Structures are given as structure tokens and as C-alpha cells.
Amino acid sequence: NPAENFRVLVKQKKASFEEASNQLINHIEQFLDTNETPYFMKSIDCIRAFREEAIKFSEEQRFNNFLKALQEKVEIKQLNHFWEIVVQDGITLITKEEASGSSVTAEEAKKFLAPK
């Protein structure tokens, strides 16, 4: 339900809306004491919605650095439930693509998940 809330919030006043970013950050992170897979897939769906929202107009790099921050914050925490679920469900499109340039080299650097 809140996914639609911050989906329509960004397109109703045309602001940066750090409140929506904080809400989705709170939603995605809270999985240490909860093992509910439905919660995790709802969280990845809403963060993907915010990914495409950021892709839309001018804040691609904003969600790029947010995704990197999410990556190190899930990497520092060593738990049996980690970003593997994001990777297995992010197989379609999670890599950034702005224009001819760093997008392709990011594709090679991320597709294999490690430099080979």
C-alpha cells in the first residue's frame, strides 16, 4: 500500500521528496528479525519502482549512489540472508544505463558479478 503512496507522492508536487527515499530505505532494511520472503519481494518491488522513478527525469545518479550505499550496508552485515535474493531477482535490469559511455563498462563489470 505505501508503495503507491510514495509512487504518487513524487509525481504530485515535483520535489526531491527525501521522505519517500527515507520510507523506502526503512522498508528495505528491516529484515534482520523478520524472515518473511513476501516482505523481501515487496521491498525489492518498491525499490525497483523508485529505481525507475529515478531513471525517469534527472536523478539516475541519485539512485545509483543509493544502490551502492545499499550494497555496502548489506555487505558489512554478515548474515545468512543477504543481497543474494536481490541478485537472483535483479537478473533482469538493475545495472545503470544513462547513455553511450560508462553504462556498457558497468554492464561488463556487473553482469559477471566479479571482474574476470
# chains A, B, ... in the order shown; residues from 1 in each chain; ligands from 1

call {"tool": "residues_around", "arguments": {"residues": "segment 103-113 of chain A", "least_positions_apart": "3", "cutoff": "12 Å", "atoms": "only C-alpha atoms", "output": "MDAnalysis selection string"}}
result
chainID A and resid 60:61 64 83:84 87:88 90:100 116

call {"tool": "select_by_dssp", "arguments": {"residues": "chain A", "states": "alpha helix (DSSP H)", "output": "PyMOL selection string"}}
result
chain A and resi 2-13+18-29+37-56+60-76+84-89+102-111

call {"tool": "residues_around", "arguments": {"residues": "residue 16 of chain A", "least_positions_apart": "6", "cutoff": "12 Å", "atoms": "only C-alpha atoms", "output": "list in words"}}
result
residues 6, 9, 10, 22, 53, 54, 57, 58, 59 and 62 of chain A

call {"tool": "write_last_selection", "arguments": {"atoms": "C-alpha atoms", "output": "PDB file, in the first residue's frame"}}
result
ATOM      1  CA  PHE A   6       5.337   7.329  -2.464  1.00  0.00           C
ATOM      2  CA  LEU A   9       3.848  11.488  -3.951  1.00  0.00           C
ATOM      3  CA  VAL A  10       6.789  12.117  -6.287  1.00  0.00           C
ATOM      4  CA  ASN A  22      13.714   7.508   3.758  1.00  0.00           C
ATOM      5  CA  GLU A  53      11.294   6.817 -10.909  1.00  0.00           C
ATOM      6  CA  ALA A  54      14.896   7.982 -10.525  1.00  0.00           C
ATOM      7  CA  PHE A  57      13.876  12.525 -15.283  1.00  0.00           C
ATOM      8  CA  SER A  58      17.288  13.517 -13.887  1.00  0.00           C
ATOM      9  CA  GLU A  59      18.155  11.584 -10.694  1.00  0.00           C
ATOM     10  CA  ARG A  62      20.967   9.616  -7.107  1.00  0.00           C
TER      11      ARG A  62
END

call {"tool": "residues_around", "arguments": {"residues": "residue 28 of chain A", "least_positions_apart": "4", "cutoff": "10 Å", "atoms": "only C-alpha atoms", "output": "JSON, numbers by chain"}}
result
{"A": [22, 23, 24, 39, 40, 41, 42, 43, 44, 45, 46, 47, 70]}

call {"tool": "write_last_selection", "arguments": {"atoms": "C-alpha atoms", "output": "compact mmCIF listing (two decimals), in the first residue's frame"}}
result
# COMPACT_ATOMS: atom_id res chain seq x y z
CA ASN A 22 13.71 7.51 3.76
CA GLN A 23 10.50 5.47 3.78
CA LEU A 24 11.81 3.02 1.19
CA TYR A 39 8.22 -8.74 2.76
CA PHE A 40 11.52 -9.00 0.90
CA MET A 41 9.90 -9.25 -2.53
CA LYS A 42 7.57 -6.34 -1.75
CA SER A 43 10.61 -4.32 -0.68
CA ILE A 44 12.55 -5.16 -3.84
CA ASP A 45 9.49 -4.32 -5.94
CA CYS A 46 9.11 -0.90 -4.33
CA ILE A 47 12.82 -0.11 -4.57
CA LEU A 70 22.65 -0.28 -0.02

call {"tool": "residues_around", "arguments": {"residues": "residue 79 of chain A", "least_positions_apart": "4", "cutoff": "12 Å", "atoms": "only C-alpha atoms", "output": "JSON, numbers by chain"}}
result
{"A": [31, 32, 33, 35, 73, 74, 75, 83, 84]}

call {"tool": "atom_distance", "arguments": {"atom1": "atom CA of residue 51 of chain A", "atom2": "atom CA of residue 67 of chain A"}}
result
9.0 Å

call {"tool": "closest_residue", "arguments": {"among": "A:7, A:115, A:25, A:102", "to": "residue 52 of chain A", "atoms": "only C-alpha atoms"}}
result
A:7

call {"tool": "atom_distance", "arguments": {"atom1": "atom CA of residue 89 of chain A", "atom2": "atom CA of residue 4 of chain A"}}
result
21.0 Å

call {"tool": "atom_distance", "arguments": {"atom1": "atom CA of residue 5 of chain A", "atom2": "atom CA of residue 77 of chain A"}}
result
29.6 Å
